[PDB]
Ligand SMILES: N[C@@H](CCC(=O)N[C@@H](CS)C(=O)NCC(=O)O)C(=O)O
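Shown below, as structure tokens, is a lone chain in the form deposited without the ligand; questions about how it binds or moves come after it.
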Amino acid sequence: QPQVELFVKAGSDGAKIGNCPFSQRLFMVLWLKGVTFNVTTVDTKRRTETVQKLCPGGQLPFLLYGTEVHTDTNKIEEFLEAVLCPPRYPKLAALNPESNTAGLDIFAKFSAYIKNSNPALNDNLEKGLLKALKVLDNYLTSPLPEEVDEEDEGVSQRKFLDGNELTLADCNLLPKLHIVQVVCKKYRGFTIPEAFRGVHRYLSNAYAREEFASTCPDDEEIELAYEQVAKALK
């Protein structure tokens, strides 16, 4: 097994895990694979000569596998899924393609809502975020093919996006939903409605798994990363 080293964004002290959902996605994938790996945080503004040499372009996160440097989170994940494979490592790819797209617009709707400083658009952007979350809720309550005609009628009982196991689809979405919750609670008085039972059951099962909970940056780090844009709305 070649050396596996993930290089991620450092936080406010230039050392701890900082806000970065792409870094958390890859941290979750490696943890779920069961591979032996190392994580090195990078102060993007005070880089080491080693990091400056490995990745001169400045991209973060990045992965060192053996002697090669891999950039672009989507491509790093595709590589890891392919080279860390059965029988030694579990296959993490979702079986249902729709699991890879469910809720992916939530993060962009959140970004528009949190960066906005026009008071006349606050309600519209909040409605946009709520609607995107409802679509994810519909995916989570809709029975997957595995559950065909399987307890309430037409209501799914699975733990995660694609079934009862964490997949690459959850690795991408969960770090983004974590940021949405922490930032909106702190600066918008916003919480995901309790009526979205599919979303809350999913988050409940997800936070009970150390692969997600233990890869989260501290709340303070996320709040500090969004402080400037989120406080603009007066």
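In this text, residue numbers run from 1 along the sequence as written.
The same protein has a further form, the form solved in complex with the ligand, not shown here; the description that follows concerns it.
S.K.: Under a 4.5 angstroms heavy atom criterion, identify the one residue in 72, 146, 105, 78 near the ligand in the entry with it bound.
M.R.: None of the others qualify; the residue that does is 72.
S.K.: Could you tell me which one of 39, 179, 54, 60 places a heavy atom within 4.5 Å of the ligand in the entry with it bound?
M.R.: By the 4.5 Å heavy-atom cutoff, the listed residue in contact is 60.
S.K.: Pick from 27 to 35, 165 to 173, 60 to 68, 46 to 54: which stretch has a heavy atom within 4.5 Å of the ligand in the entry with it bound?
M.R.: Result for this chain: 60 to 68.
S.K.: Does the ligand come within 4.5 Å of any heavy atom of residue 215 in the entry with it bound?
M.R.: Close contact is absent here: in the entry with it bound, residue 215 is far from the ligand, nothing within 4.5 Å, heavy atoms only.
S.K.: Any chance residue 226 has a heavy atom within 4.5 Å of the ligand in the entry with it bound?
M.R.: No.
S.K.: Against the ligand in the entry with it bound, would residue 222 count as a contact residue? Criterion: heavy atoms within 4.5 Å.
M.R.: Output for residue 222 is no: heavy atoms all beyond 4.5 Å of the ligand.
S.K.: Using a 4.5 Å cut-off on heavy atoms, which residues of 4 to 37 contact the ligand in the entry with it bound?
M.R.: Residues within 4.5 Å: 9, 20, 22, 23.
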